[PDB]
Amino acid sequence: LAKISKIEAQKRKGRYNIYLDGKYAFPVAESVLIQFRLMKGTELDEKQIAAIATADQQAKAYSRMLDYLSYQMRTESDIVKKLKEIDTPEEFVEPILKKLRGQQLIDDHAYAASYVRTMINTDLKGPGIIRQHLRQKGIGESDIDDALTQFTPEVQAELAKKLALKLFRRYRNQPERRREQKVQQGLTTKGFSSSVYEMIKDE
(Lines of atoms letter the chains of each structure in order from A and count residues from 1; the text may use other names and numbers.)
(Lines give C-alpha, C1' and ligand atoms only; values in the text may rest on other atoms or scores of the structure.)
Protein backbone atom coordinates (compact mmCIF):
# COMPACT_ATOMS: atom_id res chain seq x y z
CA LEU A 1 0.00 0.00 0.00
CA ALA A 2 1.01 3.64 -0.51
CA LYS A 3 2.21 5.59 2.54
CA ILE A 4 2.01 9.34 3.18
CA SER A 5 5.55 10.75 3.34
CA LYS A 6 4.54 14.38 3.82
CA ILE A 7 1.63 16.77 4.19
CA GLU A 8 2.21 20.38 3.28
CA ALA A 9 -0.18 23.28 3.62
CA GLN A 10 -0.88 25.02 0.35
CA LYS A 11 -0.24 28.76 0.15
CA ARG A 12 -3.87 29.56 1.02
CA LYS A 13 -5.32 28.03 4.21
CA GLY A 14 -7.81 25.17 4.22
CA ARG A 15 -6.22 22.79 1.73
CA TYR A 16 -3.23 20.43 1.90
CA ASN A 17 -0.88 18.69 -0.51
CA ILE A 18 -0.37 14.97 0.17
CA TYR A 19 2.81 13.13 -0.83
CA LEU A 20 2.84 9.35 -1.09
CA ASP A 21 6.23 7.67 -0.80
CA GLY A 22 8.11 10.91 -1.42
CA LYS A 23 5.94 12.12 -4.33
CA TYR A 24 3.00 14.52 -4.66
CA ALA A 25 -0.25 12.56 -4.92
CA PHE A 26 -3.35 14.69 -4.30
CA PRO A 27 -4.93 17.60 -2.41
CA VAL A 28 -7.58 17.40 0.28
CA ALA A 29 -9.75 20.01 1.94
CA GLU A 30 -9.20 20.15 5.69
CA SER A 31 -12.55 18.41 6.44
CA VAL A 32 -11.56 15.50 4.19
CA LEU A 33 -8.14 15.26 5.80
CA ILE A 34 -9.95 14.95 9.14
CA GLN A 35 -12.73 12.71 7.83
CA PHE A 36 -10.10 10.23 6.68
CA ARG A 37 -7.58 10.64 9.51
CA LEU A 38 -4.70 11.41 7.13
CA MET A 39 -1.17 11.84 8.54
CA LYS A 40 2.50 10.88 7.99
CA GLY A 41 2.51 7.10 7.60
CA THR A 42 -1.10 6.40 6.60
CA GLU A 43 -1.53 3.53 4.12
CA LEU A 44 -4.23 3.74 1.44
CA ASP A 45 -5.94 1.40 -1.04
CA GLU A 46 -7.48 2.58 -4.31
CA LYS A 47 -11.01 2.41 -2.87
CA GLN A 48 -10.00 4.83 -0.10
CA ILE A 49 -8.14 7.17 -2.43
CA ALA A 50 -11.24 7.24 -4.62
CA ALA A 51 -13.56 7.86 -1.67
CA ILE A 52 -11.23 10.65 -0.52
CA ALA A 53 -11.61 12.21 -3.96
CA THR A 54 -15.43 12.03 -3.91
CA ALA A 55 -15.47 13.50 -0.40
CA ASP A 56 -13.12 16.31 -1.50
CA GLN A 57 -15.42 17.00 -4.46
CA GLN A 58 -18.25 17.49 -1.97
CA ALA A 59 -16.13 19.54 0.44
CA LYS A 60 -15.28 21.84 -2.48
CA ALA A 61 -18.94 22.47 -3.34
CA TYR A 62 -19.56 23.17 0.31
CA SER A 63 -16.75 25.78 0.32
CA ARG A 64 -18.25 27.49 -2.71
CA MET A 65 -21.67 27.68 -1.01
CA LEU A 66 -19.77 29.35 1.87
CA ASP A 67 -18.54 32.03 -0.55
CA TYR A 68 -22.03 32.26 -2.10
CA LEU A 69 -23.55 32.92 1.31
CA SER A 70 -20.91 35.57 2.11
CA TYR A 71 -22.38 38.14 -0.29
CA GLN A 72 -26.09 38.16 0.60
CA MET A 73 -29.03 36.47 2.34
CA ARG A 74 -30.20 33.20 0.69
CA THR A 75 -33.14 30.79 1.00
CA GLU A 76 -32.72 27.03 0.86
CA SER A 77 -34.08 27.01 -2.68
CA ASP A 78 -31.39 29.57 -3.59
CA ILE A 79 -28.72 27.16 -2.36
CA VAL A 80 -30.31 24.20 -4.20
CA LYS A 81 -30.67 26.29 -7.34
CA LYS A 82 -27.04 27.33 -6.89
CA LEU A 83 -25.67 23.82 -6.44
CA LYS A 84 -27.62 22.80 -9.51
CA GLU A 85 -26.19 25.81 -11.37
CA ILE A 86 -22.58 24.67 -10.88
CA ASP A 87 -23.57 21.10 -11.73
CA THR A 88 -23.09 19.50 -8.33
CA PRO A 89 -23.66 15.73 -8.19
CA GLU A 90 -27.26 15.19 -7.04
CA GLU A 91 -26.13 12.93 -4.21
CA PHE A 92 -24.30 15.93 -2.67
CA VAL A 93 -27.28 18.30 -2.57
CA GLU A 94 -29.15 16.97 0.46
CA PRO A 95 -25.94 16.34 2.50
CA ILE A 96 -24.68 19.89 1.87
CA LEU A 97 -28.09 21.42 2.64
CA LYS A 98 -28.07 19.37 5.83
CA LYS A 99 -24.52 20.39 6.68
CA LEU A 100 -25.20 24.07 5.99
CA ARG A 101 -28.45 23.80 7.92
CA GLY A 102 -26.64 22.20 10.85
CA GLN A 103 -24.18 25.11 10.91
CA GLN A 104 -27.26 27.28 10.51
CA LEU A 105 -25.88 29.16 7.54
CA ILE A 106 -29.34 28.92 5.98
CA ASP A 107 -32.67 29.71 7.67
CA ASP A 108 -35.92 30.01 5.68
CA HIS A 109 -37.92 31.14 8.67
CA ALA A 110 -35.63 34.15 9.23
CA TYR A 111 -35.57 34.80 5.54
CA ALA A 112 -39.37 34.98 5.17
CA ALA A 113 -39.63 37.38 8.10
CA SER A 114 -36.91 39.64 6.66
CA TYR A 115 -38.62 39.51 3.29
CA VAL A 116 -41.94 40.64 4.71
CA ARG A 117 -40.31 43.42 6.71
CA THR A 118 -38.51 44.69 3.60
CA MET A 119 -41.78 44.52 1.62
CA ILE A 120 -43.52 46.54 4.30
CA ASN A 121 -40.70 49.13 4.07
CA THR A 122 -40.45 49.44 0.28
CA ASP A 123 -43.60 48.01 -1.30
CA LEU A 124 -47.39 48.07 -1.57
CA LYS A 125 -48.12 44.36 -1.94
CA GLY A 126 -50.72 42.58 0.16
CA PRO A 127 -50.61 39.29 2.13
CA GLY A 128 -52.03 37.21 -0.69
CA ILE A 129 -49.19 38.17 -3.02
CA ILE A 130 -46.53 37.97 -0.29
CA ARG A 131 -47.77 34.46 0.51
CA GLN A 132 -47.69 33.54 -3.16
CA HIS A 133 -44.13 34.84 -3.54
CA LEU A 134 -42.81 32.96 -0.51
CA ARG A 135 -44.52 29.73 -1.61
CA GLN A 136 -42.53 30.08 -4.85
CA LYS A 137 -39.32 30.57 -2.83
CA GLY A 138 -39.93 27.12 -1.37
CA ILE A 139 -41.15 28.18 2.08
CA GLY A 140 -43.73 26.12 4.00
CA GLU A 141 -47.13 27.55 4.98
CA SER A 142 -46.17 27.69 8.66
CA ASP A 143 -43.11 29.90 8.01
CA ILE A 144 -45.26 32.05 5.71
CA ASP A 145 -48.05 32.56 8.20
CA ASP A 146 -45.46 33.47 10.86
CA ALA A 147 -43.89 36.09 8.57
CA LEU A 148 -47.31 37.45 7.55
CA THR A 149 -48.03 38.20 11.18
CA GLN A 150 -46.20 41.54 10.82
CA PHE A 151 -48.92 42.33 8.27
CA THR A 152 -51.43 43.66 10.74
CA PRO A 153 -54.66 45.33 9.54
CA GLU A 154 -53.18 48.71 10.50
CA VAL A 155 -50.20 47.99 8.23
CA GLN A 156 -52.55 46.52 5.63
CA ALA A 157 -54.90 49.50 5.70
CA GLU A 158 -51.87 51.75 5.68
CA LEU A 159 -50.38 50.16 2.54
CA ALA A 160 -53.82 49.75 0.96
CA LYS A 161 -54.89 53.40 1.40
CA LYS A 162 -51.63 54.40 -0.29
CA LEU A 163 -52.18 51.94 -3.14
CA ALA A 164 -55.86 52.89 -3.46
CA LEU A 165 -55.03 56.60 -3.64
CA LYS A 166 -52.51 55.76 -6.32
CA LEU A 167 -55.10 53.60 -8.12
CA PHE A 168 -57.78 56.30 -7.82
CA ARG A 169 -55.38 58.77 -9.41
CA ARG A 170 -54.24 56.27 -12.04
CA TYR A 171 -57.84 55.59 -13.17
CA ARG A 172 -59.18 59.13 -12.66
CA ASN A 173 -60.28 59.04 -16.30
CA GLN A 174 -62.95 56.36 -15.72
CA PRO A 175 -66.56 56.93 -14.51
CA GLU A 176 -67.75 56.48 -10.89
CA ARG A 177 -68.66 52.79 -10.81
CA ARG A 178 -65.84 51.63 -13.08
CA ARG A 179 -63.27 53.69 -11.24
CA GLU A 180 -64.13 52.28 -7.83
CA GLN A 181 -64.37 48.65 -9.04
CA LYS A 182 -60.94 48.97 -10.68
CA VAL A 183 -59.56 50.02 -7.29
CA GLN A 184 -61.35 47.19 -5.44
CA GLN A 185 -60.10 44.63 -7.92
CA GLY A 186 -56.63 46.16 -7.89
CA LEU A 187 -56.34 45.76 -4.14
CA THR A 188 -57.51 42.14 -4.32
CA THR A 189 -55.03 41.18 -7.02
CA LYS A 190 -52.40 42.81 -4.81
CA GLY A 191 -53.28 40.37 -2.03
CA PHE A 192 -55.68 42.45 0.04
CA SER A 193 -58.92 40.82 1.23
CA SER A 194 -62.39 42.17 0.43
CA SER A 195 -62.91 43.50 3.94
CA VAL A 196 -59.96 45.87 3.52
CA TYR A 197 -61.59 48.06 0.90
CA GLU A 198 -64.66 48.19 3.16
CA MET A 199 -62.43 49.92 5.71
CA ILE A 200 -60.53 52.52 3.75
CA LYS A 201 -63.19 53.50 1.20
CA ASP A 202 -64.31 56.77 2.82
CA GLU A 203 -60.66 57.82 2.78
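In case it trips you up, residue 1 is the first one in the sequence shown, and so on.
**Student:** Please work out which of 177-185 and 190-198 has the higher mean CA B-factor as recorded in the PDB entry.
**Tutor:** Per the PDB record, 190-198.
**Student:** Per the PDB record, is the mean Cα temperature factor higher over 79-87 or over 96-104?
**Tutor:** Taking the mean B-factor of the alpha carbons in each, 96-104 is higher.
**Student:** Of the options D145, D67, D56, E46, which has the highest CA B factor as deposited?
**Tutor:** Each of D145, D67, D56, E46 was compared by C-alpha B-factor; the highest is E46.
**Student:** Would you mind finding, among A61, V28, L134, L38, the residue with the largest C-alpha temperature factor in the entry?
**Tutor:** The listed residue with the largest C-alpha B-factor is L38.
**Student:** Please place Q72 in the lowest, middle or highest third of its chain according to the CA B-factor in the PDB entry.
**Tutor:** Within its chain, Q72 is a middle-third residue by C-alpha B-factor, going by the deposited values.
**Student:** Considering every modelled residue of the chain and its Cα B-factor in the PDB entry, is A50 in the lowest, middle or highest third?
**Tutor:** It belongs to the highest third of the chain when residues are ordered by C-alpha B-factor.
**Student:** Going by the entry, which third of its chain does the Cα temperature factor of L167 land in?
**Tutor:** Tercile = middle for this residue's CA B-factor.
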